[PDB]
C-alpha cells in the first residue's frame, strides 16, 4: 500500500458499494475522502470489514433503497450492476469509481461494457475505462482488472488520466513470512514436475518453475523471484486460491497475510481467521496501490478548477 501525502480527496465522501474488504475505503481514505456507506452480504466479509472498520457493511443491496444511500461524491463498486445505476441515478454522485475483471471489456463482444458504459451516459457521466496490471505499479502480481472512472459531465472533466505505469522493484520473495511462520503451509508432494529450474536475480512476469498433477488450475508452482500469479477466490486445485510457490526446496501455497501484501493491503490490516475465507476474500478484493493512484488522479482532476 502507498502512503499518499496530498489528500486530493479530503472533502468528498464515498460509499463502499459491494464493500468486500474495503479495498476502495483503504484507497480513497488515503486520499483523505470519507466513507459514508458500505454494503456487503457475505458474513465473513461483513466480519473482516467490521474488524478493521467498526461497522457491519449494510446487507444485500438488492433490497436496499437507493433513496437511503448517503450523499457522496464517489460510489465505489467492484462487482445487479443495475443497483449501482439504480443508486447512481438517485444519488447522482460526482464521480463513480468502479473496477472489474480483465475480460469485462471484451465479454459478449462488448455487450456487458456497451451496456454499462451507455448505462452511464444515458445516466449522464463521462466514461473512462482501461486495464492495468498491478505489477505495473510497484505490485508483484499478474493481476489484470478493469477500472471505470465515471464523471457527472457537469464537472466537465476533460483531464483525468489513469496512472502512468512504472517498473517495479519488489517481488513475491519480498513479501513472504519468516519461513518458520509458513511451515504449516508446505505440501510435500511426490508428483512434482519441475517444468523448469530456479532463477537468478528477479523478474516481473510469473515464473512457472513447475507443475503438479495434470498441472492445471492451482496445479503449478511459481518462483519467489517472479510475481505472484493472479490470486483467485474460486479456484480449484491442490494449490488453489493462492497457488503454489517454490519456497526453499519444499513447495507451499501462499499465506493469507502474504496474500494481503501481494494485494497491496497494509500489514496492519486485520485479516479474516478463516484462512479458507481470507483467501477467497483476497481472491476477490482489489489491488490497493492501483486504487490509490487512480483515486489520486480522480481527485487530482476534480481539483483543477481554473478561472
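Positions refer to the first chain, counted from 1.
Counting the deposited residues that fall between residue 79 and residue 80 and carry no coordinates gives a value of 10 or more. For the two regions 80-88 and 103-111, the entry's Cα B-factors average higher over 103-111.
Of the two segments, 32-40 and 59-67, the one listed with the higher mean B-factor is 59-67 (C-alpha atoms only).
Set against one another, the Cα B-factors of 152, 117, 208, 184 in the record reach their highest point at 184.
In the deposited entry, the Cα temperature factor of residue 250 places it in the highest third of its chain's modelled residues. In the PDB entry, a CA B factor belonging to the lowest third of its chain's modelled residues is recorded for residue 73. Residue 141: CA B factor lies in the lowest third for its chain, per the PDB record.
Per the PDB record, residue ranking by Cα B-factor puts residue 147 in the lowest third of the chain. Per the deposited record, the Cα B-factor of residue 225 falls in the highest third when ranked against the other modelled residues of its chain.
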